[PDB]
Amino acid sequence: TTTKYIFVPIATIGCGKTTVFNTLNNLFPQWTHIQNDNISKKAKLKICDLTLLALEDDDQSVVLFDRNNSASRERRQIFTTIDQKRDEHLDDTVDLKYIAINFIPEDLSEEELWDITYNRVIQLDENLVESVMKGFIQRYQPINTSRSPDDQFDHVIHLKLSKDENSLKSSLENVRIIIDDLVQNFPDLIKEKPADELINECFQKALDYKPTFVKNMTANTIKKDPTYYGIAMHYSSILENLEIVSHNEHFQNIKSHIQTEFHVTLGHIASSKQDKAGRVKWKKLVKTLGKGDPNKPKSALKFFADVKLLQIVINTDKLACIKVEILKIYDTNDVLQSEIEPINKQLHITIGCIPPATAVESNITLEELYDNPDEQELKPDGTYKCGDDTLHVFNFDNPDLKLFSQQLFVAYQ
């Protein structure tokens, strides 16, 4: 009855796995070539799943299982995974021969292995390729058919690997080795050997196809986005305007947690994730105010703001903050920048927090105080119960607490 085949490389990167498998598939289009490099790291159906799917139909007899399997545990994973899922995909009467294709001769030096493969991969990335490649060689364990797991292979084909600038290419010799092996040992797979002209042509095609790299080597950069955009507030100017609450009994808790810098937050990356509104406003902030130098926790930007201090709100035993308004934002030549829209409704300067609570809670404090969209006027002095918080409101006597030319900054935390 029916026999199916899984061809399993034992290899490191650049040994010619994909070239050899692409040559064979060019000659035998009914075979299925599954490339682990082209499977998402987060794919629900991984190579063992796709291998079994590609063996279900009768006409599908061969999978070229294109993965390094450098470590002995990775060969064990093939057997145990396919053992467990096989009965969902194949009749009980089927084998399932596993043919190991050994790409690294047992007497190849580690330094010649590196010299052959590293230089093949070169010839738009420089040394990301060295650490990913050395990782596969680090954990490479040669085939050992005298013990598990490699003693579970039904057959082993031993390939050549060498510098070949003056000889037949080693992957073409290897295609010939595989074909001759199959013709002698599995005539049902290859009835008659294809013509050498055809084998050579198919190999040339495969030798010139766009290469495929493991995804950690084609791993793109994270064009990192900053954590938040702020207005740096002149320290002594904020401190001097705390005198309105300095003697208040509900502020004495807060005094020992007063911050050593004050800022108005314009936008935090976390808010790009609540609304479409929060996303769009975050993007426009990154567009207008650029990504400053990213190897510094704070970078000043060439924009400045005028800010008016409106009232102090104490969230009892939690924090104190100043509700503010931004009068204007402008650049170094004082032209107004109308396109800078803050994300937070309820703009504020956090003063200090009692350390169960954190500065992010200044927003919830002012939002719960000003929760009615049709009543946003400054509330008069006094105590306000909001949810489970007791708030105290202190309006400034001076209607003209304007702070000018406060410089914007970007923050990466």
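Sequential numbering from 1, following the sequence displayed.
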property: Sequence continuity check, residue 123 and residue 124 (deposited residues unmodelled); result: 10 or more
property: Higher-B stretch (mean Cα B-factor, as the entry records it), 346 to 354 or 58 to 66; result: 58 to 66
property: Residue stretch of maximal mean CA temperature factor, 95 to 103 vs 134 to 142; result: 134 to 142
property: Criterion, highest CA B-factor; candidates, 227, 81, 265, 162; result: 227
property: Candidate set 329, 172, 231, 129 [ranked by C-alpha B-factor, highest]; result: 129
property: Assigned third (lowest, middle, highest) for the C-alpha B factor of residue 215; result: highest
property: Residue 88 - Cα temperature factor, lowest/middle/highest third of chain; result: highest
property: Chain-wide C-alpha B factor ranking for residue 209, given as lowest, middle or highest third; result: highest
property: Residue 388 by Cα B-factor - lowest, middle or highest third of the modelled chain; result: highest
property: For residue 180, the third of its chain into which the C-alpha B factor falls; result: middle
